[PDB]
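Okay, query_8.csv is below, CSV, N, CA and C atoms:
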chain,number,residue,atom,x,y,z
V,1,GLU,N,22.3,-22.5,-34.7
V,1,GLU,CA,22.9,-21.5,-33.8
V,1,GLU,C,22.9,-21.9,-32.3
V,2,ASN,N,23.8,-22.9,-32.1
V,2,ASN,CA,24.0,-23.4,-30.7
V,2,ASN,C,25.3,-24.1,-30.5
V,3,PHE,N,25.9,-24.4,-31.6
V,3,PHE,CA,27.2,-25.1,-31.6
V,3,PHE,C,28.4,-24.2,-32.1
V,4,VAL,N,28.1,-22.9,-32.1
V,4,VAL,CA,29.0,-21.9,-32.5
V,4,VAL,C,29.8,-21.3,-31.2
V,5,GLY,N,29.1,-21.4,-30.1
V,5,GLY,CA,29.7,-20.9,-28.8
V,5,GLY,C,29.3,-21.8,-27.7
V,6,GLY,N,30.2,-21.8,-26.6
V,6,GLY,CA,29.9,-22.6,-25.4
V,6,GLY,C,30.4,-21.9,-24.2
V,7,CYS,N,31.5,-22.5,-23.6
V,7,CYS,CA,32.1,-22.0,-22.4
V,7,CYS,C,33.0,-20.9,-22.6
V,8,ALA,N,33.4,-20.1,-21.6
V,8,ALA,CA,34.3,-19.0,-21.7
V,8,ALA,C,35.7,-19.5,-21.4
V,9,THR,N,36.6,-18.5,-21.5
V,9,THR,CA,38.0,-18.8,-21.3
V,9,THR,C,38.3,-19.6,-20.0
V,10,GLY,N,37.9,-19.1,-18.9
V,10,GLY,CA,38.1,-19.8,-17.6
V,10,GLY,C,37.0,-20.9,-17.4
V,11,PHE,N,36.1,-21.1,-18.4
V,11,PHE,CA,35.1,-22.1,-18.3
V,11,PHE,C,35.3,-23.3,-19.2
V,12,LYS,N,35.4,-24.4,-18.6
V,12,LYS,CA,35.6,-25.7,-19.3
V,12,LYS,C,34.4,-26.6,-19.3
V,13,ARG,N,34.2,-27.4,-20.3
V,13,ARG,CA,33.1,-28.3,-20.4
V,13,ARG,C,33.4,-29.6,-19.6
V,14,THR,N,32.3,-30.0,-18.9
V,14,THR,CA,32.5,-31.2,-18.1
V,14,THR,C,32.0,-32.5,-18.9
V,15,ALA,N,32.7,-33.6,-18.7
V,15,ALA,CA,32.4,-34.8,-19.4
V,15,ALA,C,31.1,-35.4,-18.9
V,16,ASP,N,30.5,-34.7,-18.0
V,16,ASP,CA,29.2,-35.2,-17.4
V,16,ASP,C,28.3,-34.1,-17.0
V,17,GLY,N,28.7,-32.8,-17.3
V,17,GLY,CA,27.9,-31.7,-17.0
V,17,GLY,C,27.7,-30.7,-18.2
V,18,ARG,N,28.2,-29.5,-17.9
V,18,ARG,CA,28.1,-28.4,-19.0
V,18,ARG,C,29.3,-27.5,-18.9
V,19,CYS,N,29.1,-26.3,-19.4
V,19,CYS,CA,30.2,-25.3,-19.3
V,19,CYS,C,30.3,-24.6,-17.9
V,20,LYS,N,31.2,-25.1,-17.1
V,20,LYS,CA,31.4,-24.6,-15.8
V,20,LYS,C,32.8,-24.1,-15.6
V,21,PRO,N,33.1,-23.2,-14.6
V,21,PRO,CA,34.4,-22.7,-14.3
V,21,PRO,C,35.4,-23.8,-14.1
V,22,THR,N,36.2,-24.1,-15.2
V,22,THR,CA,37.2,-25.1,-15.2
V,22,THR,C,36.7,-26.4,-14.7
V,23,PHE,N,36.0,-27.2,-15.6
V,23,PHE,CA,35.5,-28.5,-15.2
V,23,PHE,C,34.5,-28.3,-14.1
Any chance you could put this one into structure tokens?
Amino acid sequence: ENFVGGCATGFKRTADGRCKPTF
């Protein structure tokens, strides 16, 4: 129960961080 959800619509995952507002 951790890979079923992540970032929001306006939130994108960073190739070096996490789920933040558009990269």
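Neighbours of range 16-20 of chain V closer than or equal to 8 Å, with all atoms listed in the file counted and sequence neighbours fewer than 4 positions away skipped, come out as residues 6, 7, 8, 10, 11 and 12 of chain V.
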Original post:
So how many Å separate atom N of residue 15 in chain V and atom C of residue 1 in chain V, to one decimal?
Top reply: 20.4 Å
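Here atom C of residue 2 in chain V is placed at a distance of 14.8 Å from atom N of residue 14 in chain V.
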Original post:
What is the distance between atom C of residue 23 in chain V and CA of residue 4 in chain V, in Å to one decimal?
Top reply: 20.2 Å
